[PDB]
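Novice: An experimental structure, sequence included, is below.
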Amino acid sequence: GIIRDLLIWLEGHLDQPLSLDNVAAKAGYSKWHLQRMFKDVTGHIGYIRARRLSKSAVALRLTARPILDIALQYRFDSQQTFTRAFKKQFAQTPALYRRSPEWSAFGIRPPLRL
DNA sequence: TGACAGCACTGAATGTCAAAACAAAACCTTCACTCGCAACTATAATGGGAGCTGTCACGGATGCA
């Protein structure tokens, strides 16, 4: 029942509030108990990383800002830490992703509309 | 049985050298067209002015005289 409210706030707050699990522990419950409370609902929450990589991927293709704002806008640690997450997930360079004139759904994790 | 607390373990990823790479093209040679300096030519013709001035005028100065 209760932690429905985490789902689309996370659609809205992968932004300027740097939310970690202890910042996600501000949703009422503990660090370890929110995990399995999210697990049997969804199957897959720390999804957040995907939204961070999905949520950064609105900035590559659909806004004209270059790459250095992107690795620090949507709450990743660094430009290699971004591309470490990028290459584990999308298996590309984002300089080889946005510059390419074609773009399809290989690595971009969907948001949970459960 | 009830909901919910916070530890246990697992794996993925984060931080690690590395050369694989592509482009800032800036740093070098090219090859040249052109822009640049240097030399000659052999009826024969032999003193500059040069368009300007426009009359200030004393006390002073020296130079001669």
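Specialist: Thanks, I have the structure now. Numbering: from 1, shown residues only, chains lettered A, B, ... in the order given.

Novice: For the residue of chain A found nearest DNA strand B, give me phi and psi.
Specialist: Using CB to the nearest atom of the strand, the closest approach of chain A to DNA strand B is made by residue A:32 at 2.7 Å. From N, CA and C alone the C-beta is placed, and that goes for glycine too. Here the main-chain torsion angles of residue A:32 (degrees, to the nearest 10) amount to phi -90, psi -30.

Novice: what's the answer for residue A:71, then?
Specialist: Comment: the main-chain dihedrals of residue A:71 come out as phi -70, psi -10, following degrees, to the nearest 10.

Novice: Phi and psi next, for the residue nearest to it when sequence neighbours are not counted.
Specialist: Once its chain neighbours are removed from consideration, residue A:71 has its nearest residue in residue A:82; the separation is 3.7 Å (CB to CB, 6 or more residues apart in numbering). Backbone torsions for residue A:82, taken as degrees, to the nearest 10, come to phi -60, psi -50.

Novice: What segments of chain A are helices?
Specialist: Along chain A, counting by DSSP state H, helices occupy A:9-12, A:21-24, A:33-42, A:48-61, A:67-73, A:79-89.

Novice: Other residues contacting the first one?
Specialist: Translated: helix A:9-12. Around helix A:9-12, the neighbours that count as contacts under CB atoms under 8 Å, 6 or more residues apart in numbering are A:19, A:47, A:48, A:51, A:111.

Novice: and if you look at the last one?
Specialist: Counting by CB under 8 Å, 6+ apart, the neighbours of helix A:79-89 from elsewhere in the structure are A:49-50, A:52-53, A:56, A:67-68, A:70-71, A:76, A:92-94, A:97, A:107, A:109.

Novice: re earlier: report the separation between the residue of chain A closest to DNA strand B and residue A:55.
Specialist: If you measure residue A:32 against residue A:55 using CB to CB, to the nearest Å, the figure is 26 Å.

Novice: got the contact list for residue A:23?
Specialist: Applying CB under 8 Å, 6+ apart to residue A:23 gives the contacts residue A:17.

Novice: tally of neighbours for residue A:51?
Specialist: Neighbours of residue A:51 under the rule other CB atoms under 10 Å: 20.
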